[PDB]
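A structural walkthrough
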Amino acid sequence: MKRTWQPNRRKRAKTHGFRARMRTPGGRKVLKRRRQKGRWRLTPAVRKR
Amino acid sequence: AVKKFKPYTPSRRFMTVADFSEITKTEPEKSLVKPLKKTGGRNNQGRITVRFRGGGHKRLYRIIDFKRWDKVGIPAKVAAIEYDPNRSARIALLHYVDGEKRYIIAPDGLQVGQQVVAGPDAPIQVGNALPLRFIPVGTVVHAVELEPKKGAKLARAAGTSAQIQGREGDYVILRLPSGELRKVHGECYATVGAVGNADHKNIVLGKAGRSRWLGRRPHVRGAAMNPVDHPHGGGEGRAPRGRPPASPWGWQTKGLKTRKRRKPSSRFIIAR
Amino acid sequence: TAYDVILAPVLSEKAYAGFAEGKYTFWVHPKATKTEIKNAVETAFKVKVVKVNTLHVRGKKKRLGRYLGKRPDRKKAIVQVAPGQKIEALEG
Amino acid sequence: XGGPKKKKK
RNA sequence: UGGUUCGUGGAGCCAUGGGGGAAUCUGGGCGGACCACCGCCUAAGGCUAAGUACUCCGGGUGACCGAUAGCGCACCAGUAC
RNA sequence: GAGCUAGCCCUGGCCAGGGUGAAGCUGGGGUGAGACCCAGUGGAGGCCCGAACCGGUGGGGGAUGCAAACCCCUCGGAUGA
RNA sequence: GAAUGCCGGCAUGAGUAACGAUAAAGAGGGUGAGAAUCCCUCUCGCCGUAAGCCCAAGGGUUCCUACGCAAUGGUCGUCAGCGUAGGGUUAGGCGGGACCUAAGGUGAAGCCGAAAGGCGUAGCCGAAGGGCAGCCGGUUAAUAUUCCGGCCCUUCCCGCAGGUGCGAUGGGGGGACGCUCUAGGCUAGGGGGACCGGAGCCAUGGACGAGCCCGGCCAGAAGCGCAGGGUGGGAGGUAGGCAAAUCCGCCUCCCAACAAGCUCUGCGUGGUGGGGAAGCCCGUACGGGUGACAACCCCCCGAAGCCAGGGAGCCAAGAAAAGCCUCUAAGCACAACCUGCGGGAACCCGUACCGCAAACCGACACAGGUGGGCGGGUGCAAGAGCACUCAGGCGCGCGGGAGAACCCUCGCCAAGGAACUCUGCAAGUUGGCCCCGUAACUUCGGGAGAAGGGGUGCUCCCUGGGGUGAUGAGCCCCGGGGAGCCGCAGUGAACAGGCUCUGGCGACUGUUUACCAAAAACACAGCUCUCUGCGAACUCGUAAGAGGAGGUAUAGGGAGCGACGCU
Ligand SMILES: [Mg+2]
Ligand SMILES: [Mg+2]
Ligand SMILES: [Mg+2]
Ligand SMILES: [Mg+2]
Ligand SMILES: [Mg+2]
Ligand SMILES: [Mg+2]
Ligand SMILES: [Mg+2]
Ligand SMILES: [Mg+2]
Ligand SMILES: [Mg+2]
Ligand SMILES: [Mg+2]
Ligand SMILES: [Mg+2]
Ligand SMILES: [Mg+2]
Ligand SMILES: [Mg+2]
Ligand SMILES: [Mg+2]
Ligand SMILES: [Mg+2]
Ligand SMILES: [Mg+2]
Ligand SMILES: [Mg+2]
Ligand SMILES: [Mg+2]
Ligand SMILES: [Mg+2]
Ligand SMILES: [Mg+2]
Ligand SMILES: [Mg+2]
Ligand SMILES: [Mg+2]
Ligand SMILES: [Mg+2]
Ligand SMILES: [Mg+2]
Ligand SMILES: [Mg+2]
Ligand SMILES: [Mg+2]
Ligand SMILES: [Mg+2]
Ligand SMILES: [Mg+2]
Ligand SMILES: [Mg+2]
Ligand SMILES: [Mg+2]
Ligand SMILES: [Mg+2]
Ligand SMILES: [Mg+2]
Ligand SMILES: [Mg+2]
Ligand SMILES: [Mg+2]
Ligand SMILES: [Mg+2]
Ligand SMILES: [Mg+2]
Ligand SMILES: [Mg+2]
Ligand SMILES: [Mg+2]
Ligand SMILES: [Mg+2]
Ligand SMILES: [Mg+2]
Ligand SMILES: [Mg+2]
Ligand SMILES: [Mg+2]
Ligand SMILES: [Mg+2]
Ligand SMILES: [Mg+2]
Ligand SMILES: [Mg+2]
Ligand SMILES: [Mg+2]
Ligand SMILES: [Mg+2]
Ligand SMILES: [Mg+2]
Ligand SMILES: [Mg+2]
Ligand SMILES: [Mg+2]
Ligand SMILES: [Mg+2]
Ligand SMILES: [Mg+2]
Ligand SMILES: [Mg+2]
Ligand SMILES: [Mg+2]
Ligand SMILES: [Mg+2]
Ligand SMILES: [Mg+2]
Ligand SMILES: [Mg+2]
Ligand SMILES: [Mg+2]
Ligand SMILES: [Mg+2]
Ligand SMILES: [Mg+2]
Ligand SMILES: [Mg+2]
Ligand SMILES: [Mg+2]
Ligand SMILES: [Mg+2]
Ligand SMILES: [Mg+2]
Ligand SMILES: [Mg+2]
Ligand SMILES: [Mg+2]
Ligand SMILES: [Mg+2]
Ligand SMILES: [Mg+2]
Ligand SMILES: [Mg+2]
Ligand SMILES: [Mg+2]
Ligand SMILES: [Mg+2]
Ligand SMILES: [Mg+2]
Ligand SMILES: [Mg+2]
Ligand SMILES: [Mg+2]
Ligand SMILES: [Mg+2]
Ligand SMILES: [Mg+2]
Ligand SMILES: [Mg+2]
Ligand SMILES: [Mg+2]
Ligand SMILES: [Mg+2]
Ligand SMILES: [Mg+2]
Ligand SMILES: [Mg+2]
Ligand SMILES: [Mg+2]
Ligand SMILES: [Mg+2]
Ligand SMILES: [Mg+2]
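Per-chain numbering applies: from 1 upward along each written sequence, possibly unlike the entry's numbering, with residues missing coordinates excluded. In the order they appear in the text, chains get letters beginning with A and ligands get numbers beginning with 1. All values in this entry refer to the displayed chains, which constitute part of a larger assembly. Side-chain calculation: all heavy atoms of the structure are included, whereas hydrogens and water are not. Residues with missing side-chain atoms are left out of burial classes, side-chain pairs and their counts.

**Here we look at the protein's contact with RNA strand G**
Rule in force here: Nearness of a residue to a molecule or strand requires only that one of the residue's heavy atoms be within 4 Å of it. Contacts described as polar in this section are N or O atom pairs within 3.5 Å, which, within protein, must combine one atom able to donate a hydrogen with one able to accept it, while residues neighboring in sequence count only if both atoms come from side chains. By definition, any uninterrupted DSSP run of H or I lasting at least four residues is a helix, any uninterrupted run of E lasting at least two residues is a strand, and each is numbered from the N terminus. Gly falls in the polar group here, along with every residue not listed as nonpolar (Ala, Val, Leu, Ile, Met, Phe, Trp, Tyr, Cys, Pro) or charged (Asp, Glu, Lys, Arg).
Around RNA strand G, a shell composed of 133 residues is seen, among which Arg-9 and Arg-10 of chain A, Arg-13 and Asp-98 of chain B together with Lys-60 of chain C lie nearest. Each atom of RNA strand G within 4 Å of the protein belongs either to a base or to sugar and phosphate, the latter forming 75%. Between RNA strand G and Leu-60 of chain B there is a distance of 3.2 Å, counted from a phosphate oxygen to a backbone nitrogen or oxygen. For RNA strand G, a phosphate oxygen lies 2.4 Å from a polar atom in the side chain of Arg-221 of chain B. With five residues, the top contributor of residues to the surface near RNA strand G is strand β3 (residues 49-57) of chain C. Across the surface near RNA strand G, the residue classes break down as 47 nonpolar, 31 polar and 55 charged.

Here it is as C-alpha cells:
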C-alpha cells in the first residue's frame, strides 16, 4: 500500500529547516536543546540544488 | 419563464434552469470596470467558521456601482444586461456620456438603449437614482442606502423592492423586502424600480450536483451525529431530540430571538 | 591572486584527448567563475582563451574501516584556446 | 501488532 | 483581590484594578477593628559594595565505582541505529 | 506533527472505443392566428455497455503470509458530487 | 532460584518449515583450484498500452573499467547492484536563477495582545501557471539539444549609417483563459506497391517466378506555395480612464465590411548537411567491415497532435502579474529611442546511473504502492480490450528425483437434476455483433439487452453507394442479390449478461466504519419551522481581526423531514 513516508526535499526543508526552527520560540528552544545535547545535526540534512 | 426539461434522466425530471433571454448578446463580461480576482475560501485565518462551504464553479467578481452619487446629473446609456455569478440579480452594463463605464444592478423593465441617470434632478423612471426624499411617496424602489453616503445595502436580491410609505422630518419610512418598517434618512440614495429576475425563486435545483456547482457542501443533521458533535447526537435507533431543538453550539433554534436589545438602531425600526 | 584559481591539471585518458584540439582542462577552485577562470589561464600561460566549460565533480565516499568519510569536492574547467595556440606545460 | 482488533470471537 | 502564620475572621498592616478624592510640621502613616491617651516613624524619586546562591571551567582530597559498575559515552558517542 | 489520512484553497494533468438520441434548428401538415403532430438534422445527460483509472461486493487462498490488509476468480463507478 | 524480572551467552523444536509468484528450461564450448548458477553459440518458453523506450519525484556513486570473493546474494558463484583502486557528469538556446504574478507566507504604515506574540492595504517572497532565443546527425568504456559537424537563433555593450520629440515603477491596450461537441487543411504514425535498391536463397513433392527475404528517409534559413489566426481606415467633439496624453473610452459625420490589405503562425518545398536493411565476413565482455555511388519513388488510412486567441451550443459563467504595443509627466531634446550593419560581451546551479523498481515508499534483491509522454503489426464491429508477435526486454538467485495420503489451482463425468445447504454459497448455464421480436406497469422518459428466437465460416457469380483520385484505373470504406463447399461444431481459439415473477427498505447517481459492518445508515434535490435590517444573525479569536460577504429577506445562519402523489 501507500506508506507514510513520501519524501519531498522542499517539504522537509520548509518544515524542519534551520530557518523554520529559527522563526518561532518553540523552534528556537529546539536548537538550544539540540546544541546543549551536543547533537552533530541540529536540523535534518535536506540535500540537492 | 424558467426552462424545463423532459425526464430523459432522473433528476432531469424536476430540474429547471433560468431563462436568459434578458441576457443581451454580451455573455462574457467587461474588463476595465471589473472583474477582480475573487478569493474563494470557506473560512477565516485558519479555521472554518461557516460550515459546508466549498467546491463549485470558479468566479470573477463584477465590481458594481452601489453609490450612484458620483455621477450626479451625468446620464448614461444602458449598453447591455449580463449574467452575474456572484448575486441573484442580473447586472446592467451602462455607458456614461462621460465615457466611464459602470455596472448597475439590473432592475425589472430595464431595456437596452435606455437612458438612465442619478441625482436630485432625475425623472422618476425605472433605472434612475435619487435621494429618497425627492422620490414620490408610494413608489417602489431598490438598492437603497441605509445611512447617507454609505452605499446601497437594502433590496438588491432578485425580484426585491421596498416601498416608500411616508416621511418624518428628515426620514422617510420604508417597507423593506422582509416587511419591516424602517426609518431611513432622507438623504439616502435609492433607485426606482424593482430588482427583476423575479423568477429566481421558481428555479428547482433538481439534483445534488447542482448544489455543489454553487459551492454548497452537504449539510448534515445533528441527529446524524454523536453527543460529542451535537446536542442532537445519539442515542439509539433514531431519536426525537429530547430537549428543545438546538444549534451545535447549544443555543435554541426554534424561536429564540437573537437581535441584541440595546442596539441604538432600535429607535428607527417599526416592524417585523 | 591568479595562480590561486588554477590548482593542478587533470591527468586522464580523457583530458589528453583535448590536446589534439585546444582544450586544456584543469582542476580549479570550486568557487571560481568561468570568467575569472579565463582571466587566469590567460595570464598564467599567455594564451588566448576562447571557450570555458566548467563542471562540478562530487567527492567520493571512501571508507577506511569504521571511519567513513568523503573526499574534497573539486571542479573542472576545460578551456578552449584560439586557433594555433598551445599550452606547452601540458604537452607531456 | 499493536492490536488493534477488538475481542470478537 | 493578592501578600503575611492569617481560609472574612473582631482583620490590621503591605501591595493593588475600579469609584470618590486632601494636606506641607498646628502637615501625615503606624503600634491588629474603632476611639481616647501615650509613643514609633516621615510614604507617594533613585543608586549602594561586603557577607549569600551556583559549578560550564582549573586544582586538591576520598572507610567513591572498577567495564552489566562509575556520567548515556574509560574505546573518535549524544556517534551508529 | 496534515510528506499517512480529512477538508478547503491556488495551479496543471487525465478519462480507449462503443451505445441511447432531449432541447433546439429546417422542411412539411394543421389553425383566424395558435397549441400541437410528422420526418430530417442536431448531440443533451450526477444517461447506458466497457478499458485505463478510482474502487472493494461475494467466494476461495493466504494466517511465524509475497504482504503488520496481499493474491486469484467475481463484482461497483467510469463527463462527474 | 524464582518477580510472563533486566543484560548477555548457549540450548530445544530440527537438519524439521522454508528458500518470495507454476513465464521453463536443454545442450555444446570456454574460463577456473573449484561451475545447474559466470562468458559465448545453438535450441525452447515468457512479456510486448510491457515485464519495452523517454522524463518527473525521490535515491546519492549504485554509472564505466581494472583487480578480487571474507561477508552482503535466501543455494552456488570465477558473477554482481558487494570489496579495493582509478576513470566518468562540459550549455547564452534544456531546466532553475540575475523575469512575473496565484493560493499562501512574510510584511513597512497601522491595529491588537500579561510576555513570548497575533493580525495587517503597499512591497517582497512564493510555480510542472504566465514569459523566454536549437534543430538534425557524429563521436566516449562511461557525457552530450552540453563536446564535435552542418544549418539557425537570443540578449546586452560599443561603434558607424539613417529614421523620430525621446522619454516613467504612471494611463490604456494586450497578455486573458470555462465545459461539451465540433469544421477545413496539415503533420506524427501506419498499410500497400506490378516501381526503385540489395547481399543472397530453390530446400522435401512442386516453383527461376511482376518469386522469397530486407529496405525504400531525416533535418533544413531566405524566398515561395498552400492552410489558417489575429485586426476596420479616416476627421472632428470630449466633462471619463484619480497629474498629463495625440493613447484608450464615449458621442458625431465620412469611406470599409471585405480577412481585399497589413502582419502572425503551422505545414510543404527548399542552398546544403546527415542517415542508410536483410545477409555474409569478423574476436570481443560487443562493436566493426562489406552489402551502397545503396535506393531513397507512387498510392492508401490518418489522428486525442499542429494552424489556436478557429467554429457552434450550454450554464455552473470560467486567475493574476510581467514581457510586448501604445500614450504622455517630470526631465532632456550636442540627450535619448527605433531600424540596419559590424565588432565585442554573454555569468550562477543542475546534467553520471536507477526511475511501475534489486538503486524510490514498504526493517528484506518484499507477488504491495508510485505522477507525465511514446506504446508498432495482424485479426476479432470498434478500442489503450483480447489472442499471437515486431523492436526491445526477460525465464522472476536453490536444484535434482519421485508419481503415496492430504492441500492448493485446474480439466472431465454415467443417470438424476438443489434431493446439498442458514442460503443454489460456490461453480456452471448465458455470453460478441447483425436482424425479427418484445408484457404488466409507467412520473410518457422509461420498464428494453424485457422475455423468446434466427443469422455468423469458406468458394464463385452478379450487382448498389461512396472516399481519394479529373468527370476514370487503382487504393480504401460501407452494402444488396443468387448459386455452391466442408466439419460434431463457422464471435470454430482468446476477450463478452443466466433469466423471470413477487414482497420489504431506501426515490434515484452518490457517501461511509484506511485494517472484520457498503446497508434500510449518511448525503441528496425538495418541504416546513425558526433566527437575521447589515458594524446582520451565526462562527473562530483575550483582543485586533476574519469568515458570513466585497452577499443584503428570491439573502444568509440553525433545526427537522428527505424525489414525487394523496395527506
Ligand atoms: Mg487587468
Ligand atoms: Mg483563526
Ligand atoms: Mg499562520
Ligand atoms: Mg442533511
Ligand atoms: Mg451514528
Ligand atoms: Mg452533546
Ligand atoms: Mg427506538
Ligand atoms: Mg437526542
Ligand atoms: Mg554547468
Ligand atoms: Mg490571603
Ligand atoms: Mg490605613
Ligand atoms: Mg507601628
Ligand atoms: Mg492597639
Ligand atoms: Mg515606625
Ligand atoms: Mg572497589
Ligand atoms: Mg571483567
Ligand atoms: Mg557503562
Ligand atoms: Mg551504558
Ligand atoms: Mg428533432
Ligand atoms: Mg451522448
Ligand atoms: Mg454515467
Ligand atoms: Mg461502466
Ligand atoms: Mg473508501
Ligand atoms: Mg525464593
Ligand atoms: Mg511466554
Ligand atoms: Mg534471552
Ligand atoms: Mg516435526
Ligand atoms: Mg515433513
Ligand atoms: Mg520442503
Ligand atoms: Mg525466487
Ligand atoms: Mg577462478
Ligand atoms: Mg507470447
Ligand atoms: Mg559503494
Ligand atoms: Mg555495474
Ligand atoms: Mg553465498
Ligand atoms: Mg533473500
Ligand atoms: Mg571481472
Ligand atoms: Mg563495485
Ligand atoms: Mg530556457
Ligand atoms: Mg552575479
Ligand atoms: Mg515578485
Ligand atoms: Mg497576495
Ligand atoms: Mg503575519
Ligand atoms: Mg524571484
Ligand atoms: Mg514556466
Ligand atoms: Mg514619447
Ligand atoms: Mg498596465
Ligand atoms: Mg524438389
Ligand atoms: Mg524538409
Ligand atoms: Mg486626467
Ligand atoms: Mg550501413
Ligand atoms: Mg474560440
Ligand atoms: Mg510587479
Ligand atoms: Mg507603459
Ligand atoms: Mg547527461
Ligand atoms: Mg542521462
Ligand atoms: Mg547512458
Ligand atoms: Mg509510467
Ligand atoms: Mg530476486
Ligand atoms: Mg517489488
Ligand atoms: Mg498508476
Ligand atoms: Mg496507437
Ligand atoms: Mg472487437
Ligand atoms: Mg493486454
Ligand atoms: Mg453428471
Ligand atoms: Mg449426461
Ligand atoms: Mg432439468
Ligand atoms: Mg432443500
Ligand atoms: Mg437435508
Ligand atoms: Mg433463498
Ligand atoms: Mg453464485
Ligand atoms: Mg426481488
Ligand atoms: Mg425489491
Ligand atoms: Mg439508496
Ligand atoms: Mg449506489
Ligand atoms: Mg471496515
Ligand atoms: Mg466489506
Ligand atoms: Mg454497495
Ligand atoms: Mg466582516
Ligand atoms: Mg467579504
Ligand atoms: Mg434558512
Ligand atoms: Mg431521516
Ligand atoms: Mg428517513
Ligand atoms: Mg421516510
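**Here we look at the side chain of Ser-265 of chain B**
What counts is decided by this rule: A contact between two residues is defined here by any heavy atoms of the two lying within 4.5 Å.
Within the secondary structure, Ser-265 of chain B is located in the segment after α1 (208-213). Beyond its immediate chain neighbours, meaning those up to four positions away, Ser-265 of chain B contacts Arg-182 and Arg-259 of chain B.

**So, the environment of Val-5 of chain C**
Residues and elements named next belong to chain C. Our working definition: Exposed residues in this analysis have more than 50% of their type's maximum accessible area, buried residues have under 20%, and partly exposed residues fall in between, with area computed by a 1.4 Å probe over protein chains only.
Counting through the fold element by element, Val-5 comes out in the segment before β1 (6-9). Judged by relative accessible area, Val-5 falls into the buried class, the value being 8%. C-alpha of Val-5 to C-alpha of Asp-73: the two residues are 68 residues apart in sequence and 15 Å apart in space. In this view, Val-5 contacts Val-28, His-29, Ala-32, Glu-36, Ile-37 and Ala-40; residues no more than four positions away in its chain are not counted.

**Quick look at the pairing of strand β13 (residues 162-168) of chain B**
Residues and elements named next belong to chain B. Put simply, the rule reads: Here the rule is simple: two strands pair whenever DSSP picks up at least two bridges between them.
For strand β10 (residues 140-142) and β13, the ladder comprises two bridges, and the chain directions are antiparallel. From the neighbouring strand, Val-140 faces β13, where its bridge partner is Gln-163. Where β13 and strand β14 (residues 171-175) come together, five bridges link them in antiparallel fashion. What sits directly across from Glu-168, in β14, is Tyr-171. Linking β13 back to β14 in an antiparallel pair, the connection comprises two residues, with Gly-169 at a positive phi of about 65 degrees.

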